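Visitor: Once you've had a glance at the structure underneath, I'll fire off some questions.
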Amino acid sequence: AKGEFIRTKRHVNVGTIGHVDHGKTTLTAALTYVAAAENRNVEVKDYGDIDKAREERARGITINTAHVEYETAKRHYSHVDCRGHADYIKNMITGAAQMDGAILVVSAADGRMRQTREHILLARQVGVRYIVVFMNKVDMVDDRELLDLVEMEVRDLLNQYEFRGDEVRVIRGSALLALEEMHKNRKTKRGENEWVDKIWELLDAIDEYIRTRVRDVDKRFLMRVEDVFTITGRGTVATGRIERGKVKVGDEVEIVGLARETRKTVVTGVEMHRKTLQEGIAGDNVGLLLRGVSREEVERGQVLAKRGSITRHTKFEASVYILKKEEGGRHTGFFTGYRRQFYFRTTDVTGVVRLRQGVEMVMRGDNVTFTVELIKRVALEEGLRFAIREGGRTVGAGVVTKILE
RNA sequence: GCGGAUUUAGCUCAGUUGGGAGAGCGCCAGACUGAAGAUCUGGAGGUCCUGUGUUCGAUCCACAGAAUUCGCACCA
RNA sequence: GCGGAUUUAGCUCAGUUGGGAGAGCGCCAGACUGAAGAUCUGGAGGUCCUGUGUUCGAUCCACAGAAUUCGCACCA
């Protein structure tokens, strides 16, 4: 609950990704501050405001993703700040899956590192169509050559995963300095400060290079759950970015995937950053209250859609490679009925394998292809890779080949 | 997620000299007795949890994986 | 390791004329019994601790040894 959400400008989802500690989170807060300075009703957020759970404050790293809101003259933004530690890629993947564009933050003192690559690639397997780069920690370095180098590399890497690395915008800066400045004074405006001004460059880039997508409001409603909460007094809320179509209170929806069968509900709430929306539409990052569903009946990875519109998912075909005893895997074939655990991003769910006809027992080292039916619904997509582990070990590696349900 | 302990016959479990695959109970059979029970005797019964490695040789050693279990870490 | 005692049948033991290898118990069988037990019949049963020696002949005598067992290893 809180104010109403009133559409006055275009909406676009974005976020932060990059190697651990390259400063994604600092930069997130710095964006909040600076935009606020020129557009009041932009509520500012500091680090603690973002990296808020205790371990996050404890170990000093982002662990859960965070949604912050902010805007510019031109547009309104929902921004997901993701963790760069690899133990947490699943989350990063879930946030990146809501972005219409992503800010890839590369620390100039460190240059491209691993998650820098991984994130770019994963960003892609999840739909991010544009990336804008922000070469951070600049204050820490001054050899123009090391700057220029890092830039090349980043571009290159982008090229490798087919982003237009040659054209991608690359802003250099220090978010730590901008943030610090805003702390001394919150009203700094464009031109008042060097560091602060780089963020304006970033903000501009985001405004300019990442185009506003063309949402399909007419297609059947579909919104993939990204999270689920139990809100006091009201009920079960499911958050996510509408893929297409729309919703408003009163509409009944279908919770699809990751479970035996699908369940129906009527949407009784629609918000966007804790603010009422009459009807949310394709591109809104919202939250929906659902009549009757418990926290157990809805979860990340399932999907909200127009009843019957769809076949989160539970079943799918997949091309797999079973590892050799030698590669640390199994040492005995398996057959239909085998149910190990599947891992997609930060998700892990148990599933029953079903060998196609003409295939009876799959042996260690074979490249099979078969169907799996998950014990819970989850956000899938063809081409999505996964790992199969069971009994303490990794037993296979494969990719979604087609969504059964 | 962490970390501990466990995986050996159909059940419950031994098994550390790195070279023999085991005990009990059950399955059957022989002996027995009117007849059975009990006993005794014999037999059949095994991906030593899975894979790769070390080794003249692995149930045993190293490594990765899995299941179960108990303790902790998670919980709008 | 100092000395004595002991070592014969499955068990416990006799065995002194240097010439027969024994008893009791047990064990197996027969008879008897409805069967088993008890009794009667019968049968088997031996590295006389080992070796060597003395002797016409060795459980027996001599030497070496072994094993069991008991006592002994004490005085500034």
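Order determines the names: the first chain of the structure tokens is A, the second B, and so forth; residues in each chain are numbered 1 upward, and ligands are numbered 1 upward as they are shown.
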Go through chain A and flag each residue having an atom no more than 7 Å from chain B; for those, report the closest pair of atoms plus their distance in Å to one decimal, using only C-alpha atoms (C1' of nucleotides), ordered by chain and rising number, as a tab-separated table.
Guide:
```
residue	atom	partner	partner_atom	distance
A:229	CA	B:76	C1'	6.8
A:230	CA	B:76	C1'	5.3
A:231	CA	B:76	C1'	5.9
A:232	CA	B:76	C1'	6.9
A:324	CA	B:51	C1'	6.4
A:325	CA	B:51	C1'	2.6
A:326	CA	B:52	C1'	3.3
A:327	CA	B:52	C1'	6.3
A:328	CA	B:64	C1'	4.3
A:329	CA	B:51	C1'	5.1
A:330	CA	B:50	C1'	4.8
A:331	CA	B:50	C1'	4.8
A:332	CA	B:50	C1'	6.6
A:390	CA	B:66	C1'	4.8
A:391	CA	B:66	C1'	1.6
A:392	CA	B:66	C1'	4.4
A:393	CA	B:65	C1'	2.5
A:394	CA	B:65	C1'	5.3
A:395	CA	B:65	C1'	6.8
```
Visitor: Tell me which protein, DNA and RNA residues are within 12 Å of residue 375 of chain A, counting only C-alpha atoms (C1' of nucleotides), leaving out same-chain ones fewer than 3 positions away, and put them as a ChimeraX atom specification.
Guide: /A:257-261,302,313-315,339-342,348-353,372,378
Visitor: Enumerate, as a ChimeraX atom specification, the complete set of residues in segment 23-252 of chain A that a backbone-based DSSP assignment places in strand (DSSP E or B).
Guide: /A:66-71,75-81,102-107,131-136,170-172,216,222-231,235-244,246-248,252
Visitor: Report, in Å to a single decimal, how far apart atom CA of residue 360 of chain A and atom CA of residue 343 of chain A are.
Guide: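 Distance reported for this atom pair: 23.9 Å.
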Visitor: Find the spatial neighbours of residue 5 of chain C, counting only C-alpha atoms (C1' of nucleotides), within a cut-off of 12 Å - ignore same-chain residues fewer than 3 positions away - and output them as a PyMOL selection string.
Guide: chain C and resi 68-71
Visitor: Using the selection just defined, write its residues with N, CA and C atoms (P, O5', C5', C4', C3', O3' and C1' of nucleotides) as a PDB file, in the first residue's frame.
Guide:
```
ATOM      1  P     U C  68      54.075 -75.984  29.921  1.00  0.00           P
ATOM      2  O5'   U C  68      53.345 -76.800  31.075  1.00  0.00           O
ATOM      3  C5'   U C  68      52.101 -77.416  30.853  1.00  0.00           C
ATOM      4  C4'   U C  68      51.738 -78.238  32.052  1.00  0.00           C
ATOM      5  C3'   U C  68      51.936 -77.531  33.384  1.00  0.00           C
ATOM      6  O3'   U C  68      50.817 -76.706  33.655  1.00  0.00           O
ATOM      7  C1'   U C  68      52.851 -79.689  33.520  1.00  0.00           C
ATOM      8  P     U C  69      50.983 -75.448  34.616  1.00  0.00           P
ATOM      9  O5'   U C  69      51.348 -76.046  36.048  1.00  0.00           O
ATOM     10  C5'   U C  69      50.463 -76.939  36.690  1.00  0.00           C
ATOM     11  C4'   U C  69      51.121 -77.527  37.922  1.00  0.00           C
ATOM     12  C3'   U C  69      51.807 -76.520  38.825  1.00  0.00           C
ATOM     13  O3'   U C  69      50.820 -75.922  39.667  1.00  0.00           O
ATOM     14  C1'   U C  69      53.210 -78.377  38.503  1.00  0.00           C
ATOM     15  P     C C  70      51.062 -74.451  40.284  1.00  0.00           P
ATOM     16  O5'   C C  70      52.047 -74.739  41.499  1.00  0.00           O
ATOM     17  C5'   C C  70      51.573 -75.423  42.655  1.00  0.00           C
ATOM     18  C4'   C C  70      52.732 -75.828  43.537  1.00  0.00           C
ATOM     19  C3'   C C  70      53.681 -74.734  43.972  1.00  0.00           C
ATOM     20  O3'   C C  70      53.096 -73.977  45.018  1.00  0.00           O
ATOM     21  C1'   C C  70      54.920 -76.621  43.344  1.00  0.00           C
ATOM     22  P     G C  71      53.570 -72.456  45.288  1.00  0.00           P
ATOM     23  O5'   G C  71      55.063 -72.589  45.857  1.00  0.00           O
ATOM     24  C5'   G C  71      55.311 -72.960  47.213  1.00  0.00           C
ATOM     25  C4'   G C  71      56.784 -73.253  47.443  1.00  0.00           C
ATOM     26  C3'   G C  71      57.796 -72.131  47.222  1.00  0.00           C
ATOM     27  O3'   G C  71      57.907 -71.247  48.336  1.00  0.00           O
ATOM     28  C1'   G C  71      58.605 -74.080  46.205  1.00  0.00           C
TER      29        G C  71
END
```
Visitor: Calculate how many Å separate atom CA of residue 220 of chain A from atom CA of residue 344 of chain A, rounding to one decimal.
Guide: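 Going from atom CA of residue 220 of chain A over to atom CA of residue 344 of chain A covers 26.0 Å.
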Visitor: Report as a ChimeraX atom specification all protein, DNA and RNA residues lying within 10 Å of residue 8 of chain C, evaluated on only C-alpha atoms (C1' of nucleotides), omitting residues in the same chain fewer than 3 positions from it.
Guide: /C:13-15,21-22,46,48,59
Visitor: Give me the residues near segment 112-126 of chain A as an NGL selection string, where near means some atom within 6 Å (using only C-alpha atoms (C1' of nucleotides)) and where sequence neighbours in that chain fewer than 3 positions away do not count.
Guide: :A and (18-19 or 96-97)
Visitor: Have a look at atom CA of residue 397 of chain A and atom CA of residue 88 of chain A and let me know their distance in Å, one decimal.
Guide: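 Going from atom CA of residue 397 of chain A over to atom CA of residue 88 of chain A, I get 19.0 Å.
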Visitor: Could you check which of A:283, A:15, A:269, A:60 is closest to residue 240 of chain A, using only C-alpha atoms?
Guide: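 Between A:283, A:15, A:269, A:60, the residue approaching residue 240 of chain A most closely is A:283.
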Visitor: Could you pull the residues within 10 Å of residue 18 of chain C, counting only C-alpha atoms (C1' of nucleotides), minus those fewer than 6 positions along the same chain, as a PDB file with N, CA and C atoms (P, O5', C5', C4', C3', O3' and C1' of nucleotides), in the first residue's frame?
Guide:
```pdb
ATOM      1  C1'   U C  55      70.013-105.337  27.920  1.00  0.00           C
ATOM      2  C3'   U C  55      71.784-106.826  27.467  1.00  0.00           C
ATOM      3  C4'   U C  55      72.205-105.873  28.571  1.00  0.00           C
ATOM      4  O3'   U C  55      72.407-108.094  27.656  1.00  0.00           O
ATOM      5  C5'   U C  55      73.571-105.256  28.366  1.00  0.00           C
ATOM      6  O5'   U C  55      73.717-104.831  27.009  1.00  0.00           O
ATOM      7  P     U C  55      74.951-103.933  26.521  1.00  0.00           P
ATOM      8  P     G C  57      68.819-107.192  23.277  1.00  0.00           P
ATOM      9  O5'   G C  57      67.346-107.158  23.881  1.00  0.00           O
ATOM     10  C5'   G C  57      66.251-107.571  23.092  1.00  0.00           C
ATOM     11  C4'   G C  57      65.004-107.751  23.939  1.00  0.00           C
ATOM     12  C3'   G C  57      64.571-106.543  24.753  1.00  0.00           C
ATOM     13  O3'   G C  57      63.849-105.676  23.905  1.00  0.00           O
ATOM     14  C1'   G C  57      64.380-108.490  26.071  1.00  0.00           C
ATOM     15  P     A C  58      63.977-104.112  24.130  1.00  0.00           P
ATOM     16  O5'   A C  58      63.300-103.842  25.556  1.00  0.00           O
ATOM     17  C5'   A C  58      61.950-104.158  25.790  1.00  0.00           C
ATOM     18  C4'   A C  58      61.354-103.225  26.843  1.00  0.00           C
ATOM     19  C3'   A C  58      61.157-101.746  26.463  1.00  0.00           C
ATOM     20  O3'   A C  58      60.119-101.216  27.301  1.00  0.00           O
ATOM     21  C1'   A C  58      62.595-101.865  28.293  1.00  0.00           C
ATOM     22  P     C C  60      61.312 -97.716  30.102  1.00  0.00           P
ATOM     23  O5'   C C  60      61.151 -98.048  31.651  1.00  0.00           O
ATOM     24  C5'   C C  60      60.905 -97.031  32.634  1.00  0.00           C
ATOM     25  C4'   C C  60      60.832 -97.669  34.021  1.00  0.00           C
ATOM     26  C3'   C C  60      62.125 -98.326  34.470  1.00  0.00           C
ATOM     27  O3'   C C  60      62.227 -98.286  35.887  1.00  0.00           O
ATOM     28  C1'   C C  60      60.462 -99.955  34.381  1.00  0.00           C
ATOM     29  P     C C  61      63.036 -97.092  36.562  1.00  0.00           P
ATOM     30  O5'   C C  61      64.564 -97.367  36.174  1.00  0.00           O
ATOM     31  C5'   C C  61      65.353 -98.297  36.920  1.00  0.00           C
ATOM     32  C4'   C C  61      66.755 -98.384  36.337  1.00  0.00           C
ATOM     33  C3'   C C  61      67.287 -97.089  35.756  1.00  0.00           C
ATOM     34  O3'   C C  61      67.842 -96.269  36.797  1.00  0.00           O
ATOM     35  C1'   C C  61      67.655 -98.847  34.214  1.00  0.00           C
TER      36        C C  61
END
```
Visitor: Quick check for you: according to DSSP on this backbone, which residues of segment 39-242 of chain A are classed as helix (DSSP H, G or I)? Reply as a PyMOL selection string.
Guide: chain A and resi 47-50+54-60+86-96+114-125+138-140+144-160+175-184+194-208
